Amino acid sequence: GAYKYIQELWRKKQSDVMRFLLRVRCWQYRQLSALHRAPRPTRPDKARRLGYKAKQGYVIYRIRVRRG
Amino acid sequence: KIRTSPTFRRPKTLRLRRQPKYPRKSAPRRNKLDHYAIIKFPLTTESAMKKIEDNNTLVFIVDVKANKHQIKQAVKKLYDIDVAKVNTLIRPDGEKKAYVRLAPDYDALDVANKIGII
Amino acid sequence: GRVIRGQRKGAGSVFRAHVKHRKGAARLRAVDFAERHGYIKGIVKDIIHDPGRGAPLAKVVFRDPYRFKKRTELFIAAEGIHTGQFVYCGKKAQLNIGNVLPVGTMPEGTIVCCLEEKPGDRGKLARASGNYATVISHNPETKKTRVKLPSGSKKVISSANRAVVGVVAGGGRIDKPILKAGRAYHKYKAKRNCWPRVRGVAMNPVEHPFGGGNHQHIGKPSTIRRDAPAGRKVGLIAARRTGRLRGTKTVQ
Amino acid sequence: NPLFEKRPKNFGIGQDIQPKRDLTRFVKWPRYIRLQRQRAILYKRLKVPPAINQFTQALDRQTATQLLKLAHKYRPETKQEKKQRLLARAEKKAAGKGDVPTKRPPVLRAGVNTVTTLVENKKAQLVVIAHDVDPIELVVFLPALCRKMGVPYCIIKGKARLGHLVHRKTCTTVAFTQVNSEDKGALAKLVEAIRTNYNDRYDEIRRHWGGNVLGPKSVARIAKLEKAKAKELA
RNA sequence: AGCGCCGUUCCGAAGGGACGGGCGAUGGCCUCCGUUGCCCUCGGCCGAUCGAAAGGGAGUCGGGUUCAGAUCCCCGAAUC
RNA sequence: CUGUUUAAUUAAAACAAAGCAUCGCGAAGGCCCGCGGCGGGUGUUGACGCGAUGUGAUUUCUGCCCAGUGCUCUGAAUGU
RNA sequence: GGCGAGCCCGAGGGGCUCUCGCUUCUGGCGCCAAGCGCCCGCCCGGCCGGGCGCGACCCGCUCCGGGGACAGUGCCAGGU
Ligand SMILES: [Mg+2]
Ligand SMILES: [Mg+2]
Ligand SMILES: [Mg+2]
Ligand SMILES: [Mg+2]
Ligand SMILES: [Mg+2]
Ligand SMILES: [Mg+2]
Ligand SMILES: [Mg+2]
Ligand SMILES: [Mg+2]
Ligand SMILES: [Mg+2]
Ligand SMILES: [Mg+2]
Ligand SMILES: [Mg+2]
Ligand SMILES: [Mg+2]
Ligand SMILES: [Mg+2]
Ligand SMILES: [Mg+2]
Ligand SMILES: [Mg+2]
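Each chain is numbered from 1 in the order of its written sequence, a scheme that can depart from the entry numbering, and any residue without coordinates is omitted. Chain letters start at A and ligand numbers start at 1, both assigned in the order the entries are written. The full assembly is larger than what is shown, and all values describe the shown chains rather than the whole. Excluded from the side-chain calculations are hydrogens and water; all other atoms, namely the structure's heavy atoms, are used.

The record lists cryo-EM as the method behind this PDB entry and 3.1 Å as its resolution.

In structure tokens form, the structure reads like this:
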């Protein structure tokens, strides 16, 4: 289907089309709290290949840590 | 829609009243501090009998959890006599002693003769 | 091996400022439309003495241009103002003693005080008793203004920040000798616990780099560089030249 | 009538207090408002890649409504009538004893995976895409795939509007595969205008770079400077 | 890393209450009022809370009473 | 000078003191606290202020040495 | 918008270019709108009780300013 496309697109995360998205999302997450609830996963294919299923009972949290 | 003030506040939203589908406790507990549990036994000391005839007041050793209103209600329910006032004090041993003054129409001598103490 | 007195100052345990009887922070009024497109008039109720400070604090009541309420502010009372004198605050205010107005409008050589480093800093520079700053230059394009501060330094600042006109009241405050230790104690008791000031050569080497020895001497060059660690900077700190001065220093 | 006089209040600097104004431009919005607002300004300031500029450029209010009226005839079958037809099927099968009494009804296919598996096998007559998706990466690859496969693809405004026909809150893409004989002409009349708008201009869309637009407060000052410079040159 | 810590107004959608008006429902002798649900208008906390038996803090005095109580008990006279 | 000092071997010539000098800092700063944050003290502070030293009522005097050890300043002419 | 000031062309006027609105003798007061133009239900073409707009102009993509691809942050290296 399309998850293979999304995976092969996210693999090359240094191109411009992906770098712009990553920078915008990093800026957006910098303004939020250190720990919060994302209502839907930003990476659906990566969540599926980890064990996330689109049904009730599965929650996604976004959390930042200090680099270093 | 005009914003009269530059301060944004939380909009007053509707709050549902708590409507429990089932009670958390099946039956309400029985009031253990009943009229018979409020007072325990009167005092028969000489200082207590001195207040019987000279003051028209009785002395009762009651629970520490009982206040003046509960003492008055318990006395009225048990002996069917009127109460003027109640003076309570915590004895140095931990109990509570209450001097309950009867109304002028009642006499403490007959109440004492009716309930044990003479 | 022990923390020195100058190093224990930053802990803030007992060296905090005695801010109990302080009346209030000396700050100007907030910049708004009524200040950048005109002026407003206020009435000085009274001047009061702020403990731990030589400059008196004047209470000024203004009328709120948006709400029906009187706003009370505490300004630094410039020398030459009395209770009841109307004080004007704004851009096109008349140039008089007590009135505050942006530095970009006053002419050169104007003696002002209680100004701001940046537009909106609310009166930070030249706040001590008897000090003033001198406007010496102006720039219409790329708005800048050169001012000479009481330290002789010529600093370039913005042309939008404000400054009250006049010298701070209480000048010559240092012409009187303390004349005894009691008055110095009563003075510093309102400021902070920093008066006793025991010399470093009197104590032991444990509490100061200068203490010790059978003779009360220093033994080391008191001139210490800027790269010295904490607890080491004692005596003269990066003294480019020491000894009794000969004329004017003339250092930027 | 005898004494009905006017009280003109002076709302200047220090005559009277200011009345209540809109103040919507200066109100302190919450953090979730301030975050979701300046995101559009950031998207307009930054030089967006040419793979996002495909979106935010969709059909007008006429052709989009026409495509919606066309899709309203091939909507996915709801669960109520689905249960109805499944109950009627087992009855009419025992009644008539027929193999296939109901012809397969032509219906549009929903879902990005289904749309992709259809366009890869060249089974879709048309593709319509939404642009209100939050992760753009789930959609950036589709226009190039449709350009490579030669099928007509069109972008439209409103994933909820795309969604309502499919009876769901959010739907990304919809593929038209089978069309009735009497709607085939109406569909072919619009696939041409879609091809001349998206397919034939794919190179220009891929070479076009959007965004990079400064704010009006920064454009007014450069306009003042260029005016003052032109008045000095000539 | 963490038991947690710094921070107390800072980077917070941090006022759940009321004056009045309107709609709707209910109860008391439905004459008249008391409430409940909703709408409109208005309303800076100087941010929860703790922190003094010598600080601020309304209002009891006289006489008598016991082996041990007194501005507390009794009488009499007041007050918040 | 008044004052303080080693409770339990020292009350002093010791410490402190006003006074006299010198140094750093115009706040994206000076001197410090802190494992951590643009966290805290000075700071409800702004050079008549803050921070760090020496000497030690008043008067008069403050001599000569930058070689060495320290402090500071300069030019990508110039070595490592 | 001229209740205003203009450098100009010009017979009435025009805007190439512009200052911009109305608080400075006085220890007083100043808010929750007057008026105008419309829209409803009630007194036969009336009174009373209400609603909207102008008063108080329009449009917009950062609350307003000051720095800024620096300062600061993480890692590594060399001095002290
Ligand atoms: Mg869910
Ligand atoms: Mg000393
Ligand atoms: Mg010693
Ligand atoms: Mg040492
Ligand atoms: Mg020697
Ligand atoms: Mg308390
Ligand atoms: Mg008595
Ligand atoms: Mg006694
Ligand atoms: Mg001592
Ligand atoms: Mg001794
Ligand atoms: Mg600091
Ligand atoms: Mg001397
Ligand atoms: Mg000498
Ligand atoms: Mg030399
Ligand atoms: Mg800005």
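**Comments concerning the overall build of chain A**
Let me state the cut-off plainly: The helix count covers DSSP runs of H or I at least four residues long, the strand count covers runs of E at least two residues long, and both are numbered beginning at the N terminus. With a 1.4 Å probe rolled over the protein chains alone, any residue whose accessible area is under 20% of its type maximum counts as buried; one over 50% counts as exposed, and the rest are partly exposed. Residues are treated as being in contact if the distance between any of their heavy atoms lies within 4.5 Å. We get accessible surface area from the Shrake-Rupley algorithm with a probe of 1.4 Å; when it comes to residues, only the shown protein chains can shield them.
Secondary structure assignment for chain A yields three helices and two strands. Each helix and strand of chain A, placed in order from N terminus to C terminus, yields the pattern α-α-β-α-β. If one aligns the C-alpha atoms of chain A with their principal axes, the spans along those axes are about 35 × 35 × 20 Å. For chain A, with 68 residues in total, the buried portion stands at 29%. For chain A, the share of sequence-separated contacts (at least 6 apart) that also reach a separation of at least 24 residues comes to 51%. Looking at chain A as shown, the accessible area adds up to about 5500 Å², and 51% of this sits on carbon and sulfur atoms.

**Description of the interface of chain B and chain D**
The condition that has to hold: Once two parts are joined, some of their accessible surface, as seen by a 1.4 Å probe, is lost; buried area is that loss totalled over both. Whenever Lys or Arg places a side-chain nitrogen within 4 Å of a carboxyl oxygen from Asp or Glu, that contact is recorded as a salt bridge. Within 3.5 Å is the distance limit for a polar contact, defined as a pair of N or O atoms, with the added protein rule that one can donate a hydrogen and the other accept it, and that residues adjacent in sequence qualify only through two side-chain atoms. Put simply, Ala, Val, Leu, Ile, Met, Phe, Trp, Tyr, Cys and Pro go in the nonpolar bin, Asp, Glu, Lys and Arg in the charged bin, and everything else, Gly too, in the polar bin.
Between chain B and chain D, the residue contacts involve seven residues of the former and ten residues of the latter. Regarding the contact of chain B and chain D, the summed buried area is about 740 Å², with carbon and sulfur atoms giving 67% of it. Of all residues in chain B, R3, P6 and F8 of chain B give up the largest surface area on contact with chain D, accounting jointly for 68% of the area buried on that side. There are zero salt bridges connecting chain B and chain D. Where chain B meets chain D, there are two residue pairs in polar contact. A per-class count over the side of chain B that touches chain D returns three nonpolar, three polar and one charged.

**Section: the protein's contact with RNA strand E**
All names here are of chain B. Definition in use: By convention in this text, a residue qualifies as near a molecule or strand provided that one of its non-hydrogen atoms is within 4 Å of it.
Of all residues adjacent to RNA strand E, which total 20 residues, the nearest are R9, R10, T13, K85 and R101. When atoms of RNA strand E within 4 Å of the protein are sorted by moiety, sugar and phosphate together comprise 56%. Within the contact set of RNA strand E, a phosphate oxygen lies 2.7 Å away from a side-chain nitrogen or oxygen of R10. A distance of 3.1 Å separates a base nitrogen of RNA strand E from a polar side-chain atom of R15. When residues in the surface near RNA strand E are grouped by element, the largest group, three residues, is from helix α2 (residues 46–53). Considering only residue class, the surface near RNA strand E consists of five nonpolar, four polar and eleven charged.

**What about a positive patch on the surface?**
Heads up, the condition is: Patch rule: a residue counts if its relative accessible area is over 30% and it has no salt bridge; like charges are joined within 9 Å, and nonpolar side chains (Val, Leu, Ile, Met, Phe, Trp, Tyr) within 5 Å. Charged residues are defined here as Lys and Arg on the positive side and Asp and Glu on the negative side; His and the ends of the chain fall outside this count. The atoms used to mark charge sites are NZ of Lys, CZ of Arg, CG of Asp and CD of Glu.
A cluster of basic side chains, namely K4, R11, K13, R43, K46 and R49 of chain A, defines a positive patch on the protein surface. Here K46 of chain A is to be found in helix α3 (residues 44–48).

**Remarks on the protein's contact with RNA strand G**
Of all residues adjacent to RNA strand G, which total 41 residues, the nearest are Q94 of chain C together with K9, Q15, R25 and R45 of chain D. Between RNA strand G and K45 of chain C there is a distance of 3.0 Å, counted from a base nitrogen to a backbone nitrogen or oxygen. Here a base oxygen of RNA strand G and a side-chain polar atom of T83 of chain C are 3.2 Å apart. Listed by contribution, the elements that provide at least two residues to the surface near RNA strand G are β1 (39–48) and β4 (86–90) of chain C together with α1 (31–45) and α9 (216–233) of chain D. When grouped by side-chain class, the residues that make up the surface near RNA strand G number 16 nonpolar, nine polar and 16 charged.

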